[PDB]
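Asks:
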Amino acid sequence: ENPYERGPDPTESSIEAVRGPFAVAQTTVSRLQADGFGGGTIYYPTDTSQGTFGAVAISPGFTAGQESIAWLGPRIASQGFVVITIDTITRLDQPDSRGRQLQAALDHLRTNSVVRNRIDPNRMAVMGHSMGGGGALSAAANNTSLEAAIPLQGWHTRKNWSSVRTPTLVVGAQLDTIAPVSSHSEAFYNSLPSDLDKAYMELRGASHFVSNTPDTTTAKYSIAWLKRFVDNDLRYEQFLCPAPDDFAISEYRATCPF
């Protein structure tokens with residue numbers, strides 16, 4: 001019925017796995033080959049038997065490089081997605097610039113010889129850490145066609161996200177002192193439209209850089225969100241609705257039923 005369903009029926013263990021059911025290969029986009037971004041690594045499933053996959057672009061934070069968000073690339077791609085982890089044109093790029101670069105990286109995939117036949121170009125999503133998370137929100141605010149947006153410990157001077165029409169999962173860190181949830185993550189979630197499918201997850205005891213190394217909670221809910229909204233996969237709503245009970249989650253909000 002849903003032609004975008006990929007992989008077997010999920011379980012808590014399947015979405016917590018460091019690698020999902022799809023073997024992953026990678027290709028490098030050099031800074032010189034990248035127009036509108038500073039290059040990146042594309043992770044993709046080698047199995048094309050189940051059809052095309054949605055695309056996800058991930059941005060690092062201020063002064064940071066792809067190495068800070070690299071682990072998310074094949075962890076998410078192994079669940080059935082084409083994922084590009086990007087470097088910014090400059091390490092000093094601000095959130096709105098990072099959002100433009102996330103969109104440029106998604107559009108690069110449309111003509112990339114290695115992945116153009118593997119992607120469904122109509123199904124794309126944006127994610128990012130800190131300023132890169134503010135970039136993911138900005139990209140969604142500037143593109144109503146995006147299917148999912150996931151800011152991780154997002155940082156932005158803009159707190160009003162009334163123009164976002166893309167399902168958004170806001171991930172905050174409880175003890176964040178760089179992008180405090182009260183002035184950043186929660187403020188962003190609170191300004192999303194009231195009819196938007198959205199969720200807020202606060203990571204218990206987590207600091208700002210929780211997204212820079214493997215975090216099972218971040219991975220499991222990012223995977224469930226991308227499946228539910230890039231693939232319209234109703235098989236993954238069970239992990240978001242009703243509210244989960246992970247002890248690693250200190251606060252949770254969701255507009256269930258999605």
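Heads up: the sequence shown begins at 1 in my numbering, then just goes up one per residue. The C-beta atom is built at its ideal place from N, Cα and C for all residues, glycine as well.
#1: For the candidate residues 225, 126, 83, whose alpha-carbon lies nearest to that of residue 116?
#2: Out of 181, 100, 81, point me to the one whose CA is closest to residue 89's CA.
#3: At the 9 Å Cβ level, is residue 240 part of the contact set with chain C, yes or no?
#4: Pull the bridge partners of residue 263 from the DSSP assignment, please.
#5: Starting from the Cα of residue 47, find the closest Cα among 119, 10, 258 and give me that residue.
#6: Is residue 53 helix, strand or coil by DSSP?
#7: Can at least three beta-carbon pairs, one atom from the stretch 171-184 and one from the stretch 197-207, be found at a separation below 8 Å?
#8: Here's a check: name, in chain order, each residue in its chain whose Cβ is nearer than 7 Å to the Cβ of residue 126, leaving out the five neighbours to either side.
#9: Using a Cβ-Cβ cut-off of 7 Å (strictly less than) and excluding sequence neighbours within five positions of residue 10, which residues of its own chain qualify?
#10: Please determine, among 190, 42, 112, the residue with the shortest C-alpha to C-alpha distance to residue 164.
#11: Would you identify the three-state DSSP class for residue 98, choosing helix, strand or coil?
#12: Hey, how far is the Cα of residue 113 from the Cα of residue 181?
#13: Using three-state DSSP, classify residue 79 as helix, strand or coil.
#14: Taking the C-alpha atoms as reference points, what is the distance between residue 8 and residue 76?
#15: State buried or exposed for residue 33, treating a residue as buried only when at least 16 other CB atoms are found within 10 Å of its CB.
#16: Where does the unbroken alpha helix (DSSP H) through residue 123 begin, and where does it stop?
#17: When you compare the CB positions of residue 161 and residue 179, do they come within less than 9 Å of one another, or not?
#18: Mind checking which residues open and close the alpha helix (DSSP H) that includes residue 18?
#19: Near residue 22, what residues of its chain come up, given a Cβ to Cβ distance below 8 Å and the 5 sequence neighbours on each side ignored?
#20: Roughly how many angstroms lie between the CA atoms of residue 225 and residue 240, to the nearest whole one?
#21: Examine the ligand GTP and report whether any of its heavy atoms sits within less than 8 Å of the Cβ of residue 191.
#22: Anyone know if the C-beta pair for residue 31 and residue 64 falls short of 9 Å?
#23: Leaving out five residues before and five after residue 41 in sequence, what residues of the same chain have Cβ atoms less than 8 Å from its Cβ?
#24: Could you check whether residue 38 and residue 95 sit closer than 9 Å to each other, using their CB atoms as the reference points?
#25: Give the straight-line distance between the Cα atoms of residue 222 and residue 14, rounded to the nearest whole angstrom.
Replies: In brief:
#1: Minimum Cα-Cα distance from residue 116 among the listed residues 225, 126, 83 corresponds to 83.
#2: 100
#3: In the structure shown, chain C cannot be found, because there is only a single protein chain.
#4: No answer is possible for residue 263: it lies beyond the span of the chain, which begins at 1 and ends at 258.
#5: 119
#6: strand
#7: yes
#8: Only residues of its own chain outside the window of five on either side were considered, and among them 57, 102, 136, 139, 140, 146, 149 have a CB closer than 7 Å to the CB of residue 126, listed in chain order.
#9: 235, 236
#10: Across the set 190, 42, 112, the C-alpha of 190 shows the shortest separation from the C-alpha of residue 164.
#11: helix
#12: Just so you know, the alpha carbons of residue 113 and residue 181 end up roughly 40 Å apart.
#13: coil
#14: 15 Å
#15: exposed
#16: Careful: residue 123 lies outside any alpha helix (DSSP H), inside the beta strand (DSSP E) at 119-129.
#17: No, Cβ-Cβ distance for residue 161 and residue 179 is not below 9 Å.
#18: It is not in any alpha helix (DSSP H) - residue 18 carries neither H nor E in the DSSP assignment.
#19: 6, 7, 45, 46, 47, 77, 78, 79, 80
#20: Looking at the two C-alpha atoms, the distance is approximately 8 Å.
#21: Looking at this structure, you won't find the ligand GTP or any other ligand, since it has none at all.
#22: no
#23: 26, 27, 28, 29, 66, 70, 73, 84, 85
#24: no
#25: 13 Å
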